[PDB]
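Participant: I have a structure I would like to understand better, so I am pasting it below and will then ask my questions one at a time.
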Amino acid sequence: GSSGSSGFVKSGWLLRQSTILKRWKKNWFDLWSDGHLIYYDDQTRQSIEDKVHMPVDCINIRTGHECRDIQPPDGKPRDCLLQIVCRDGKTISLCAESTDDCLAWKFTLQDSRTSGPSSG
């Protein structure tokens, strides 16, 4: 039998610029131990927004002005911005509550990038 429950590296709330809403919407992100990243619609975790990998789907990580030619939401800086450059090209624009939150995530990702070859 499988474990049953899985613990996420870091779980928190983050905004995401949708292609249909063309705006920043508060979402729920959650990174897995295997690197895999999955976000939901709300704390309910019932409407699985989507699922994407980091060291597999994401190739580069930009933050702030470095990110695409996007723009931060109202009453929010730019350094708190977090983007994820996918392989093909897909680009996801995210935003943290404050630089602190952003930094944490960014670093967390840059770390999950070292996931693949057996470690032991």
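If you're wondering about the labels, chains in the structure tokens are A, B, ... by order shown, residues count from 1 in each chain, ligands from 1 in order shown.
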Give me every strand (DSSP E) residue in segment 38-107 of chain A, going by DSSP on the backbone, as a VMD selection string.
Facilitator: chain A and resid 38 to 40 50 to 52 58 to 62 81 to 86 91 to 95
Participant: Can you list every residue of segment 50-120 of chain A that has an atom at most 9 Å from segment 11-26 of chain A, with its nearest atom pair and the distance in Å to one decimal, using only C-alpha atoms, ordered by chain then number, as a Markdown table?
Facilitator:
```
| residue | atom | partner | partner_atom | distance |
| --- | --- | --- | --- | --- |
| A:72 | CA | A:24 | CA | 8.3 |
| A:73 | CA | A:24 | CA | 6.6 |
| A:92 | CA | A:17 | CA | 7.1 |
| A:93 | CA | A:17 | CA | 5.4 |
| A:94 | CA | A:16 | CA | 4.6 |
| A:95 | CA | A:15 | CA | 5.0 |
| A:96 | CA | A:14 | CA | 5.3 |
| A:97 | CA | A:14 | CA | 7.2 |
| A:101 | CA | A:12 | CA | 8.9 |
```
Participant: Between atom CA of residue 4 of chain A and atom CA of residue 32 of chain A, what distance in Å does the model show, to one decimal?
Facilitator: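 For atom CA of residue 4 of chain A relative to atom CA of residue 32 of chain A, the distance reads 14.3 Å.
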Participant: From the list A:53, A:43, A:90, A:6, which residue is nearest residue 68 of chain A when using only C-alpha atoms?
Facilitator: A:90
Participant: Could you check which of A:102, A:58, A:67, A:109 is closest to residue 88 of chain A, using only C-alpha atoms?
Facilitator: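 Between A:102, A:58, A:67, A:109, the residue approaching residue 88 of chain A most closely is A:58.
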Participant: Residues at most 9 Å from residue 106 of chain A, counting only C-alpha atoms, excluding those fewer than 2 positions away in the same chain, as a PyMOL selection string?
Facilitator: chain A and resi 61-63+82+101-104+108-111
Participant: Could you go through chain A and tell me which residues DSSP, when run on the backbone, assigns to helix (DSSP H, G or I), listing them as JSON, numbers by chain?
Facilitator: {"A": [64, 65, 66, 99, 100, 101, 102, 103, 104, 105, 106, 107, 108, 109, 110, 111, 112]}
Participant: Excluding residue 34 of chain A and its own-chain neighbours fewer than 2 positions away, which residues fall within 12 Å of it when counting only C-alpha atoms? Please give them as a CSV table (one decimal) with N, CA and C atoms, in the first residue's frame.
Facilitator:
```csv
chain,number,residue,atom,x,y,z
A,6,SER,N,1.1,13.0,1.3
A,6,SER,CA,2.4,13.5,0.8
A,6,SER,C,2.5,15.0,1.3
A,7,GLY,N,3.8,15.3,1.8
A,7,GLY,CA,4.0,16.6,2.3
A,7,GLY,C,4.7,17.5,1.2
A,8,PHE,N,4.2,18.7,1.1
A,8,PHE,CA,4.7,19.7,0.1
A,8,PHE,C,5.8,20.5,0.7
A,9,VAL,N,6.8,20.8,-0.1
A,9,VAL,CA,8.0,21.5,0.4
A,9,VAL,C,7.6,22.9,0.9
A,30,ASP,N,1.6,24.8,-4.5
A,30,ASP,CA,2.1,23.8,-3.6
A,30,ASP,C,3.2,22.9,-4.3
A,31,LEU,N,4.4,23.0,-3.8
A,31,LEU,CA,5.5,22.3,-4.4
A,31,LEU,C,5.7,20.9,-3.7
A,32,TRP,N,5.9,19.9,-4.5
A,32,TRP,CA,6.1,18.6,-4.0
A,32,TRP,C,7.6,18.3,-3.7
A,36,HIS,N,7.8,18.3,-8.6
A,36,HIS,CA,6.5,18.6,-9.2
A,36,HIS,C,5.7,19.7,-8.5
A,37,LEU,N,5.1,20.6,-9.3
A,37,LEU,CA,4.4,21.7,-8.7
A,37,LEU,C,2.9,21.7,-9.1
A,38,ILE,N,2.0,21.8,-8.2
A,38,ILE,CA,0.6,21.8,-8.5
A,38,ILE,C,-0.1,22.9,-7.7
A,52,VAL,N,2.4,21.3,-13.2
A,52,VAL,CA,3.6,21.5,-14.0
A,52,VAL,C,4.8,21.2,-13.2
A,53,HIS,N,5.9,20.7,-13.9
A,53,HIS,CA,7.1,20.4,-13.2
A,53,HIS,C,8.1,21.6,-13.2
A,54,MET,N,9.1,21.5,-12.4
A,54,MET,CA,10.1,22.6,-12.3
A,54,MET,C,11.4,22.2,-13.2
A,55,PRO,N,12.1,21.2,-12.7
A,55,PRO,CA,13.4,20.8,-13.3
A,55,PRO,C,13.1,20.0,-14.6
A,56,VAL,N,11.8,20.0,-15.0
A,56,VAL,CA,11.4,19.3,-16.2
A,56,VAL,C,10.6,20.2,-17.2
A,109,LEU,N,12.7,27.1,-5.7
A,109,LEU,CA,12.7,26.5,-7.0
A,109,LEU,C,14.1,26.2,-7.5
A,111,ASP,N,16.4,25.4,-6.0
A,111,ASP,CA,16.9,24.2,-5.2
A,111,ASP,C,16.3,22.9,-5.8
A,112,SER,N,15.0,22.9,-6.1
A,112,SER,CA,14.3,21.7,-6.6
A,112,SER,C,14.9,21.4,-8.0
A,113,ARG,N,15.7,22.3,-8.6
A,113,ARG,CA,16.2,22.1,-9.9
A,113,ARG,C,17.3,20.9,-9.8
A,114,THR,N,17.8,20.7,-8.6
A,114,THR,CA,18.8,19.6,-8.5
A,114,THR,C,18.1,18.3,-8.1
A,115,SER,N,17.1,18.0,-8.8
A,115,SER,CA,16.3,16.8,-8.6
A,115,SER,C,16.3,15.9,-9.9
A,116,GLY,N,16.9,14.7,-9.8
A,116,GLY,CA,16.9,13.8,-11.0
A,116,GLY,C,17.7,12.5,-10.7
A,117,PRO,N,19.0,12.6,-10.8
A,117,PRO,CA,19.9,11.5,-10.5
A,117,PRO,C,19.9,11.0,-9.1
A,118,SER,N,19.8,9.7,-8.9
A,118,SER,CA,19.8,9.2,-7.5
A,118,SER,C,20.7,9.9,-6.6
```
